[PDB]
Every structure is written in C-alpha cells, then in structure tokens.
$ cat my_file_29.pdb   # PDB, C-alpha atoms
ATOM      1  CA  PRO L   1      11.914   3.437  -7.557
ATOM      2  CA  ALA L   2      15.716   3.407  -7.591
ATOM      3  CA  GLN L   3      17.050   6.964  -7.523
ATOM      4  CA  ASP L   4      19.878   5.667  -5.388
ATOM      5  CA  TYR L   5      20.861   2.686  -3.256
ATOM      6  CA  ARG L   6      19.060   4.495  -0.431
ATOM      7  CA  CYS L   7      15.956   3.199  -2.221
ATOM      8  CA  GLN L   8      17.546  -0.265  -2.208
ATOM      9  CA  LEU L   9      20.089  -1.380   0.407
ATOM     10  CA  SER L  10      19.375  -4.290   2.729
ATOM     11  CA  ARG L  11      16.322  -4.999   4.865
ATOM     12  CA  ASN L  12      17.832  -7.935   6.720
ATOM     13  CA  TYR L  13      14.571  -9.067   8.298
ATOM     14  CA  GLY L  14      13.956  -7.993  11.810
ATOM     15  CA  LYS L  15      13.544 -10.936  14.190
ATOM     16  CA  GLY L  16      14.099  -8.920  17.263
ATOM     17  CA  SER L  17      16.436  -9.144  20.218
ATOM     18  CA  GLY L  18      15.357  -5.952  21.905
ATOM     19  CA  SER L  19      12.895  -4.857  19.185
ATOM     20  CA  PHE L  20      12.783  -1.200  18.230
ATOM     21  CA  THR L  21      10.305  -1.397  15.383
ATOM     22  CA  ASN L  22      11.190   0.814  12.510
ATOM     23  CA  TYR L  23      10.237   0.672   8.871
ATOM     24  CA  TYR L  24      12.186  -0.706   5.932
ATOM     25  CA  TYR L  25      11.533  -0.585   2.226
ATOM     26  CA  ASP L  26      10.546  -4.075   1.184
ATOM     27  CA  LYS L  27      11.408  -4.547  -2.480
ATOM     28  CA  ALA L  28       9.115  -7.555  -2.739
ATOM     29  CA  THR L  29       6.120  -5.253  -2.418
ATOM     30  CA  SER L  30       8.033  -2.123  -3.451
ATOM     31  CA  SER L  31       6.737  -0.349  -0.360
ATOM     32  CA  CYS L  32       7.815   0.501   3.179
ATOM     33  CA  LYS L  33       6.784  -1.808   6.028
ATOM     34  CA  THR L  34       8.003  -2.307   9.575
ATOM     35  CA  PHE L  35      10.422  -4.577  11.357
ATOM     36  CA  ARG L  36      11.723  -4.927  14.866
ATOM     37  CA  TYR L  37      15.121  -3.917  13.468
ATOM     38  CA  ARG L  38      16.389  -6.558  15.926
ATOM     39  CA  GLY L  39      18.507  -4.115  17.852
ATOM     40  CA  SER L  40      21.494  -6.401  18.116
ATOM     41  CA  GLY L  41      22.137  -7.048  14.456
ATOM     42  CA  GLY L  42      19.882  -4.841  12.411
ATOM     43  CA  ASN L  43      21.745  -4.856   9.128
ATOM     44  CA  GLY L  44      19.214  -2.983   7.076
ATOM     45  CA  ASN L  45      18.215   0.412   5.760
ATOM     46  CA  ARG L  46      16.329   1.530   8.864
ATOM     47  CA  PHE L  47      13.502   4.009   8.417
ATOM     48  CA  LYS L  48      11.934   5.766  11.401
ATOM     49  CA  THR L  49       8.667   6.191   9.528
ATOM     50  CA  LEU L  50       7.200   4.968   6.239
ATOM     51  CA  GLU L  51       6.302   8.535   5.342
ATOM     52  CA  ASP L  52      10.040   9.247   5.521
ATOM     53  CA  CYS L  53      10.856   6.025   3.718
ATOM     54  CA  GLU L  54       8.236   6.640   1.040
ATOM     55  CA  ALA L  55       9.350  10.218   0.692
ATOM     56  CA  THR L  56      12.802   9.366  -0.579
ATOM     57  CA  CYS L  57      12.221   5.934  -2.081
ATOM     58  CA  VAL L  58       8.589   5.874  -3.196
ATOM     59  CA  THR L  59       8.014   9.510  -4.187
ATOM     60  CA  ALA L  60      11.450  10.625  -5.343
ATOM     61  CA  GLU L  61      11.432   7.419  -7.390
TER      62      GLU L  61
END
$ encode --input "my_file_29.pdb" --output "structure tokens"
Amino acid sequence: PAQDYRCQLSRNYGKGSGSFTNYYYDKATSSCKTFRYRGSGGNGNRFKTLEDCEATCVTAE
C-alpha cells in the first residue's frame, strides 16, 4: 500500500468552493473515498474514480 508516493501524496480535505467531487485515497482508512476537491484550492492527489484510485494504490500495493 505504498508502491510510490502516488499511493500517498496529500488529500487536503475537500471543503468545496465550486465542488467537483472526485476521489482521494484516505490513509486513515487506507481506501479511496470522495471529496469535493474544492476547485479553488484542491491540493490533493485527485482521483476521478475509486476504481482508478484502488487500481494503482490498493491493488498494485
């Protein structure tokens, strides 16, 4: 669960200014969940889908 920093990076949080809603890999649950991404200040490892996120992070390990 740490092949590369692409399985780490930042999540920021995702309050939302315009809200896009993408996924991010939350390393408190070690799984991909969603977040508004904010839009204007989304400083995180954005993932379009969790199946994409899980692919690299969760399944490539």
$ closest_residue --input "my_file_29.pdb" --among "L:52, L:25, L:42, L:34" --to "residue L:7" --atoms "all atoms listed in the file"
L:25
$ closest_residue --input "my_file_29.pdb" --among "L:8, L:56, L:40, L:45" --to "residue L:23" --atoms "only C-alpha atoms"
L:45
$ atom_distance --input "my_file_29.pdb" --atom1 "atom CA of residue L:30" --atom2 "atom CA of residue L:15"
20.5 Å
$ atom_distance --input "my_file_29.pdb" --atom1 "atom CA of residue L:19" --atom2 "atom CA of residue L:60"
29.0 Å
$ closest_residue --input "my_file_29.pdb" --among "L:61, L:20, L:31, L:6" --to "residue L:48" --atoms "all atoms listed in the file"
L:20
$ resolve_selection --input "my_file_29.pdb" --expression "the PyMOL selection byres ((chain L and resi 24) around 8)" --output "list in words"
residues 11, 22, 23, 25, 26, 32, 33, 34, 35, 44, 45, 46, 47, 50 and 53 of chain L
$ residues_around --input "my_file_29.pdb" --residues "residue L:41" --least-positions-apart "3" --cutoff "9 Å" --atoms "all atoms listed in the file" --output "PyMOL selection string"
chain L and resi 12+14+16-17+37-38+44
$ atom_distance --input "my_file_29.pdb" --atom1 "atom CA of residue L:55" --atom2 "atom CA of residue L:5"
14.3 Å
$ axis_aligned_box --input "my_file_29.pdb" --around "stretch 40-57 of chain L" --padding-each-side "8 Å" --output "lines of an AutoDock Vina configuration file"
center_x = 14.2
center_y = 1.6
center_z = 8.0
size_x = 31.8
size_y = 33.3
size_z = 36.2
$ closest_residue --input "my_file_29.pdb" --among "L:54, L:49, L:2, L:13" --to "residue L:36" --atoms "all atoms listed in the file"
L:13
